[PDB]
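**Q** build me a model:
(one chain, ligands or ions: 1)
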Amino acid sequence: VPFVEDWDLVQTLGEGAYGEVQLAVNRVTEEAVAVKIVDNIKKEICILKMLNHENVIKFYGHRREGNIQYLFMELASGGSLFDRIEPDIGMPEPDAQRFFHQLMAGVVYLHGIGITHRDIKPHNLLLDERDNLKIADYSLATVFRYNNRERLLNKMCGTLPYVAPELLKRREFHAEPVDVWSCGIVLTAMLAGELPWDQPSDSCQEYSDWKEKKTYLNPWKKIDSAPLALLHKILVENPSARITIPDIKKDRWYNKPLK
Ligand SMILES: CCNc1nc(Nc2cc(F)c(C(=O)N3CCOCC3)cc2OC)ncc1C(F)(F)F
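**A** Numbering: from 1, shown residues only. This is the structure:
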């Protein structure tokens, strides 16, 4: 029975690097939210206050009491996308398409306010009560565009299986194609229930196989040809040849009506 101001901390929603996320219920008003408990945080809070979109987690405010900082956030009561992906199977293509559409709406939004998330993966993609997707966890996020000027990134971060090959090979790189790449790994995972490689490096046989277009192997053989054509445009090793979001939105599978 911990608590803070009027909120009871009632169960553990997740455990991060630093601290945890608790379900917080306001025993007066009965509203339930998510609270991140910690100890970088300054920057994180600053980014969180910018966010206003139906496919990104909303920020309500914070309290600083003692060592511990409390970040109050929208609750996504459906839990994570990670848990809707059956291992070795994925999920039905129409659910995968709808989630993808929503993930792109969120990414467009972030990029439009000049924020790169940098750790897009199914653990960070949460579902509200009607299965609406929300992009969560802004602890690795950063500003890549300010006063209409882009800056290149140089820090390596993210999660190896989701990371774009340039992030391992170039000293500096553009932000947007890295997020687009990780969305293509998410889409693979939804449609096949498996990640295609441990990392996109020259010493990873699975990545070499894909560059050599061996799509008779898994996970690619589990995927229908229309979504696979899109994946061919997303998972392109040269970031300036990689498809952009405006072009993803014209792709034939992206616009296919599904049941
Ligand atoms: C990763 C946790 N972060 C968040 N998590 C949630 N919600 C939930 C996350 C979950 F994972 C689960 C879940 O399914 N679990 C299994 C049952 O036991 C606990 C966890 C349930 C959630 O809401 C009820 N909302 C907002 C946040 C954010 F902090 F991002 F805002």
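**Q** make it CA atoms for all contacts and neighbour counts henceforth
**A** Fine.
**Q** from the centre of the chain, point out the most distant residue.
**A** Residue distances from the centre of the chain (Cα atoms, centre = their mean) peak at residue 28, which lies 33.9 Å from the mean C-alpha position.
**Q** where does the stretch 51-200 of the chain come near the ligand, residue by residue?
**A** If contact is defined as Cα under 6 Å from any ligand atom, the residues of the stretch 51-200 of the chain in contact with the ligand are 57, 73-80, 136-137.
**Q** does residue 221 count as helix, strand or coil?
**A** Assigned with DSSP: H, G, I helix; E, B strand; the rest coil, residue 221 falls in the helix class.
**Q** settle this for me: it is touching residue 215, isn't it.
**A** Yes. Residue 221 lies in contact with residue 215 (Cα atoms under 8 Å); the separation is 6.0 Å.
**Q** before we move on, back to that, pretty sure the residue farthest from the centre of the chain sits against residue 6.
**A** Yes. The pair residue 28 and residue 6 passes the contact test of Cα under 8 Å, sitting 7.4 Å apart.
**Q** if we can go back for a sec, and the residues of the stretch 51-200 of the chain next to the ligand, which of them are buried?
**A** Buried members of those, scored by 16 or more other Cα atoms under 10 Å, are 57, 73-80, 136-137.
**Q** just to revisit the earlier point, tabulate the residues of the stretch 51-200 of the chain next to the ligand (JSON lines), appending secondary structure and distance to residue 17.
**A** JSON lines is the format used below for those (DSSP: H, G, I helix; E, B strand; the rest coil; distance: Cα to Cα, whole Å):
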{"residue": "57", "secondary structure": "coil", "distance to residue 17": "19"}
{"residue": "73", "secondary structure": "strand", "distance to residue 17": "18"}
{"residue": "74", "secondary structure": "coil", "distance to residue 17": "20"}
{"residue": "75", "secondary structure": "coil", "distance to residue 17": "20"}
{"residue": "76", "secondary structure": "coil", "distance to residue 17": "20"}
{"residue": "77", "secondary structure": "coil", "distance to residue 17": "22"}
{"residue": "78", "secondary structure": "coil", "distance to residue 17": "22"}
{"residue": "79", "secondary structure": "strand", "distance to residue 17": "19"}
{"residue": "80", "secondary structure": "strand", "distance to residue 17": "17"}
{"residue": "136", "secondary structure": "coil", "distance to residue 17": "15"}
{"residue": "137", "secondary structure": "coil", "distance to residue 17": "12"}
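**Q** show the contacting residues for residue 222.
**A** Taking Cα atoms under 8 Å, 6 or more residues apart in numbering, we find residue 222 in contact with 191-192.
**Q** strands along the stretch 1-150 of the chain, start to end?
**A** All strands of the stretch 1-150 of the chain, identified by DSSP state E, counting those that start in this stretch, fall at 3-4, 7-15, 20-26, 32-38, 59-63, 69-73, 79-80, 115-116, 125-127, 133-135, 142-143, 145-146, 149-150.
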